[PDB]
Ligand SMILES: Nc1nc2c(ncn2[C@@H]2O[C@H](COP(=O)(O)OP(=O)(O)OP(=O)(O)O)[C@@H](O)[C@H]2O)c(=O)[nH]1
Ligand SMILES: Nc1ncnc2c1ncn2[C@@H]1O[C@H](COP(=O)(O)OP(=O)(O)CP(=O)(O)O)[C@@H](O)[C@H]1O
Ligand SMILES: Nc1nc2c(ncn2[C@@H]2O[C@H](COP(=O)(O)OP(=O)(O)O)[C@@H](O)[C@H]2O)c(=O)[nH]1
Ligand SMILES: COc1ccc2c(c1)CCCN2c1nc(N)nc2ccc(F)cc12
Ligand SMILES: [Ca+2]
Ligand SMILES: [Mg+2]
Ligand SMILES: [Mg+2]
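Residue numbers (PDB author numbering), protein chains in the order written: chain F, 1 to 103, 128 to 149, 161 to 247, 252 to 362, 372 to 380; chain E, 6 to 28, 44 to 74; chain A, 1 to 437; chain B, 2 to 428.
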């Protein structure tokens with residue numbers, strides 16, 4: 001029998017992974033601060049990575065990648081893309097982004137370029164049109180904010196003239212295989228989108244929660264991949280694979296292949312896996328855009344069973360073996 | 006990648022290589053503390069030898 | 001020429017010292033009776049091996065070493081080993097009753113009874129030194145003598161030699177090899193009391209040395225002999241500049257200058273490659289780049305930790321064997337790209353480099369194979385504070401129940417030196433984190 | 002680092018006498034005292050327990066003490082009796098009559114200075130005296146009452162040496178008299194205060210192991226003492242032979258005893274063997290491990306699963322893979338990490354000796370400081386108050402100067418000990 005502890009009680013995902021683990025009759029659950037675990041489903045901040053991999057006779061495995069915050073923190077993610085050659089300022093799937101602190129680095133010189141063509145100058149934190168309106172919002176909070184080119188021409192689902200984002204769940208295992216969960220989710224705004232009233236950020240901000252209309256066209260403002268592909272076929276004569284999924288698989292492979300030397304636990308004394316949630320935005324031209332990478336990501340209720348079982352088979356049992373796939377291996 | 010101060014000799018050589026520029045208590049003070057813990061020992065032993073005497 | 005006095009304390013210190021001096025002798029061509037054919041300067045010389053040996057009218061070359069152990073067992077094997085004739089009896093000091101794994105017993109109780117005796121035998125070699133540099137102090141964080149008598153001796157040295165340098169080779173405690181359950185108490189107690197007295201300390205975590213011996217020497221369960229012969233190799237790499245003609249790290253001051261910008265934070269991580277088994281009959285000799293790349297694989301460090309997740313302040317490369325500067329800068333160039341090597345903004349991102357052409361020396365009959373070239377990287381990365389976290393945590397677990405506290409108090413200590421030495425640590429861990437984010 | 006051995010009373014001297022037989026056979030010394038041995042390992046540390054006599058004979062550093070000449074005449078008549086130094090048979094004639102007050106306060110007071118004189122003689126001879134180990138039983142009168150009295154005087158004269166006992170706990174399953182719970186509660190009070198290490202050899206456990214596990218219908222003290230001399234050899238091992246450890250009484254206490262009163266250890270032996278009959282297949286290191294941790298192999302009738310291990314110390318004797326030991330000892334902890342306290346890191350330590358004991362090709366001795374030993378003292382405290390609440394048999398004691406008050410204090414100090422042992426089983 002393998003042992004495991006559990007240090008994030010708020011984890012809807014690994015809540016399941018603990019539940020399923022025990023139920024194999026081969027996993028037992030020690031107490032939070034018992035060091036003699038094979039597996040740490042650990043906390044989100046200050047996870048004690050320097051304490052893992054020092055238990056003689058214990059193969060230790062944790063469900064986070066020390067370093068992954070570079071890709072999962074909004075200011076960090078910008079910093080990562082501007083300065084790694086692998087991504088370059090000439091990066092074609094990330095919206096223009098600048099880091100401004102509150103007490128404009130080269131943010132101002134871009135906005136003025138837009139005065140040169142009166143081009144779209146919507147941005148986000161939160162959404163304004165004049166720089167002053169926004170800049171005074173970041174010093175009003177006190178922490179570091181990042182501002183980005185709002186996507187003024189997004190793709191709208193009809194019936195509804197409606198906005199949405201796509202969350203893919205990717206699982207990186209101890210070997211740095213990159214597994215895309217085939218089941219995706221579109222988080223859709225029930226509110227018809229319009230570009231006059233930004234401050235009415237309910238048809239602009241696509242967060243499932245912030246949508247406190253909730254349930255009109257599809258249940259829970261969530262359309263899955265089978266419905267959306269059908270709509271794409273019928274409405275645009277294309278498919279989800281060709282028009283959108285390729286690019287998503289390019290971005291996921293790219294972001295993760297970038298930071299690999301910095302987080303790979305290949306020759307290390309403990310080992311990491313981590314589930315990520317990638318959040319994309321497909322514009323009117325069927326171009327996929329990367330918005331946020333989420334390091335502690337929730338699943339969609341319908342899929343927890345399937346995803347959390349695949350976590351066990353791919354990331355947990357691969358290491359601790361016991362007595372087709374739901375994943376796309378992104379090849380590198 | 007600048008190499009510098011390269012000194013050679015018969016046994017080997019040495020050099021630096023830059024890839025980028027930047028951006044006590046007293047003997048008596050001991051004697052005290054040492055001796056304070058010899059006392060604390062001799063007291064504790066006395067409390068033992070006293071209790072045994074009872 | 002300037003001399004260096006080696007002080008081996010406890011069992012770990014004394015046995016590691018044997019491993020080293022034996023190695024020094026092979027490297028310098030001294031034989032176990034202390035005769036050194038190649039020395040023509042008989043009965044003297046301001047040669048560079050004279051940093052570690054003095055010469056006798058009769059031409060013997062005698063370690064500037066002293067061995068101190070609160071207990072006669074270990075230094076007795078020194079007194080009777082192949083290198084007996086090497087040392088002057090006054091050099092090998094022995095107690096009768098050891099410090100029972102007890103920092104307080106070794107520092108206070110038994111400590112006070114021998115500190116004066118040791119410091120005279122130490123002053124006896126200091127008085128054969130035209131220009132004394134400092135001390136190389138070898139010990140363990142875990143023995144009671146190891147941890148407790150070293151801090152007492154360290155404090156005194158800072159008094160009777162305020163002008164000289166003190167360097168440490170400390171064994172950090174690993175449960176596979178460990179003799180004791182209270183070793184986390186002794187580690188914290190001894191570091192807090194010794195910190196302002198050491199100028200530069202190289203930590204060797206027995207865990208690390210042990211897995212290296214298993215992975216790379218195909219040794220099933222390493223003995224102390226396995227570990228110590230490997231630890232000397234690294235010690236020799238680190239001390240070779242003091243004993244050989246060279247331009248890099250020629251005095252104990254240079255180690256501070258080169259590796260220690262801020263003074264507390266004076267624990268340079270050491271990585272060493274290649275460790276090759278003498279049992280392998282066919283072996284492919286590793287290149288300057290293959291060995292230099294191995295300095296950034298954790299699996300080679302004296303302390304397991306992740307330098308990617310930390311920042312550098314300094315970095316030497318100590319090569320021994322067939323290396324030329326050009327192959328080094330090449331391997332450096334390629335590696336700069338592929339590795340996560342982040343320096344503190346206020347330090348240059350450079351590598352001080354030393355090459356000694358004499359290839360590594362292996363003990364006839366040892367576990368290490370001879371090799372054409374080898375390197376020992378010395379990098380003061382903040383990622384070594386991981387070791388302080390680990391140790392400090394164990395300390396916290398036991399101390400919250402005050403388990404074993406009474407054995408210490410009972411020797412004259414005060415439950416407060418416990419929280420005082422641990423606050424210091426809590427500082428040290430904060431210092432590290434400021435420098436590293 | 003000499004050890005000075007003291008055996009007091011019927012039980013004391015009988016287990017005492019087997020031990021010397023058992024370890025003289027290991028060190029290859031015969032009843033004449035002349036070494037006829039194989040390895041030199043057998044003489045490297047022989048001085049810990051034996052003084053060396055002219056003519057290169059070996060003389061146990063043993064003081065034989067009793068208030069009655071009976072058992073001590075036996076010990077002399079017995080197989081290794083002549084080995085013992087005759088000046089060290091210190092005895093009186095009255096007897097202590099299964100009475101703790103006769104041994105501690107009257108009959109035993111007359112004789113203790115003469116015992117202490119034989120002690121001091123042996124002590125002076127010594128180079129670095131480690132301390133003392135005493136065999137005795139807590140349920141009779143001499144070794145129980147005079148025993149604790151001696152210990153109380155040795156601590157005054159040698160306040161900084163180590164005090165070690167092997168203390169037989171009384172069991173109704175194997176009892177001489179109804180007052181044995183009184184005697185034990187008085188002694189344990191003493192032991193909480195004046196020993197660094199005592200090994201709790203429960204006669205209840207020795208009986209169960211002789212009855213159940215070794216299928217002995219009607220076990221004698223000889224069958225029980227066989228188990229005792231097996232454990233006594235085992236826990237002594239890292240003191241008598243050279244090794245990586247180089248062990249002594251003080252380090253043993255430093256590492257085993259987190260808090261000072263909690264210094265009562267559960268001994269364990271594996272494989273359990275019955276006298277005479279040898280079985281011929283050695284165990285596999287996996288077997289040694291799960292037996293030595295098996296409560297059926299515990300010599301103090303407690304359930305280790307009813308408590309947590311504060312610290313553990315195990316000793317593997319024979320020729321075997323230290324790799325496999327390591328893997329097997331690591332394997333029991335990680336499987337059963339619950340039953341070890343989390344707040345003493347790496348609290349199990351293992352050691353190995355090449356020489357096995359007479360009759361086995363491999364064996365494991367186990368020294369556990371479990372909080373489950375309270376079960377032992379709870380058992381003796383109940384039996385105690387069953388009688389005391391009715392002041393029963395108390396006259397045999399008030400008759401010798403003792404006072405009801407003294408009984409309340411002991412009962413109480415012991416009930417405290419149980420509380421303490423229960424505090425840490427929850428932390
Ligand atoms: N690498 C290495 N470590 C050792 C050696 N000897 C002991 N150690 C380590 O040192 C720690 C204990 O310190 P010791 O040096 O053995 O104790 P001591 O210095 O003699 O102090 P005492 O308590 O009086 O015995 C243990 O955790 C061992 O792992 C050795 O020869 N080589
Ligand atoms: N450049 C851009 N142009 C247009 N709309 C954008 C945009 N960037 C983000 N959005 C939309 O506005 C929302 C901004 O909020 P944000 O992305 O920070 O929420 P979030 O992604 O942090 C929630 P979670 O962490 O749970 O995924 C995005 O979710 C997306 O719906
Ligand atoms: N295991 C064991 N227990 C014994 C032996 N002899 C006596 N006992 C126990 O010791 C108690 C009697 O104490 P005893 O030593 O005989 O009285 P004393 O001579 O005055 O010390 C009883 O409870 C017995 O169970 C023995 O040889 N082996
Ligand atoms: C809590 O960890 C321990 C427990 C015990 C011991 C130590 C540490 C280190 C020093 C002495 N020591 C031992 N002494 C004696 N006599 N026998 C032993 C048998 C087996 C063993 F593994 C250790 C010992
Ligand atoms: Ca010379
Ligand atoms: Mg020692
Ligand atoms: Mg009797």
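Idealized CB from N, CA, C, for every residue including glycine.
Residue from the options with nearest C-alpha to residue i
{"i": "residue 8(B)", "options": "45(B), 165(B), 27(B) and 122(B)", "result": "165(B)"}
{"i": "residue 353(A)", "options": "246(A), 24(A), 49(A) and 224(A)", "result": "246(A)"}
{"i": "residue 205(A)", "options": "12(A), 17(A) and 314(A)", "result": "12(A)"}
{"i": "residue 209(F)", "options": "65(F), 94(F), 102(F) and 341(F)", "result": "65(F)"}
{"i": "residue 291(A)", "options": "334(A), 118(A), 234(A) and 374(A)", "result": "374(A)"}
{"i": "residue 369(B)", "options": "298(B), 63(B), 413(B) and 391(B)", "result": "298(B)"}
{"i": "residue 81(B)", "options": "61(B), 92(B) and 99(B)", "result": "61(B)"}
{"i": "residue 2(A)", "options": "20(A), 30(A), 45(A) and 38(A)", "result": "45(A)"}
{"i": "residue 232(B)", "options": "422(B), 290(B), 55(B) and 358(B)", "result": "358(B)"}
{"i": "residue 183(B)", "options": "83(B), 100(B) and 375(B)", "result": "100(B)"}
{"i": "residue 74(E)", "options": "364(B), 153(B) and 342(B)", "result": "153(B)"}
{"i": "residue 168(B)", "options": "240(B), 45(B) and 207(B)", "result": "207(B)"}
CB contact flag (residue i, residue j, <8 Å)
{"i": "residue 277(A)", "j": "residue 217(A)", "result": "yes"}
{"i": "residue 243(A)", "j": "residue 363(A)", "result": "no"}
{"i": "residue 139(B)", "j": "residue 189(B)", "result": "yes"}
{"i": "residue 327(A)", "j": "residue 359(A)", "result": "no"}
{"i": "residue 204(F)", "j": "residue 294(F)", "result": "no"}
{"i": "residue 395(A)", "j": "residue 405(A)", "result": "no"}
{"i": "residue 35(B)", "j": "residue 19(B)", "result": "no"}
{"i": "residue 126(A)", "j": "residue 110(A)", "result": "no"}
{"i": "residue 17(E)", "j": "residue 355(A)", "result": "yes"}
{"i": "residue 42(F)", "j": "residue 10(F)", "result": "no"}
{"i": "residue 118(A)", "j": "residue 88(A)", "result": "no"}
{"i": "residue 365(B)", "j": "residue 301(B)", "result": "no"}
Close beta carbons around residue i, own chain, < 7 Å, minus the five adjacent residues each side
{"i": "residue 286(B)", "result": "321, 322, 325, 326 and 329"}
{"i": "residue 371(A)", "result": "274, 276, 285, 321, 359 and 360"}
{"i": "residue 14(A)", "result": "8, 67, 69, 74, 75 and 78"}
{"i": "residue 20(F)", "result": "347, 348 and 351"}
Environment of residue i [buried if 16+ CB atoms lie within 10 Å]
{"i": "residue 437(A)", "result": "exposed"}
{"i": "residue 360(B)", "result": "exposed"}
{"i": "residue 288(F)", "result": "buried"}
{"i": "residue 336(F)", "result": "buried"}
{"i": "residue 402(B)", "result": "exposed"}
Cutoff 6 Å; reference residue i; Cβ partners in own chain excluding five residues on either side
{"i": "residue 192(A)", "result": "421 and 424"}
Nonlocal neighbours in the same chain, by C-beta distance under 8 Å from residue i, ignoring five residues either side
{"i": "residue 389(A)", "result": "429"}
{"i": "residue 2(E)", "result": "Outside the displayed range of chain E (6 to 74) lies residue 2(E), so it cannot be described from this structure."}
For ligand 6, enumerate in chain order all residues having a CB closer than 5 Å to any of its heavy atoms. 11(A), 71(A) and 98(A)
Hey, which residues come within less than 6 Å of ligand 7, measuring from Cβ to any heavy atom, in chain order? 11(B), 141(B) and 177(B)
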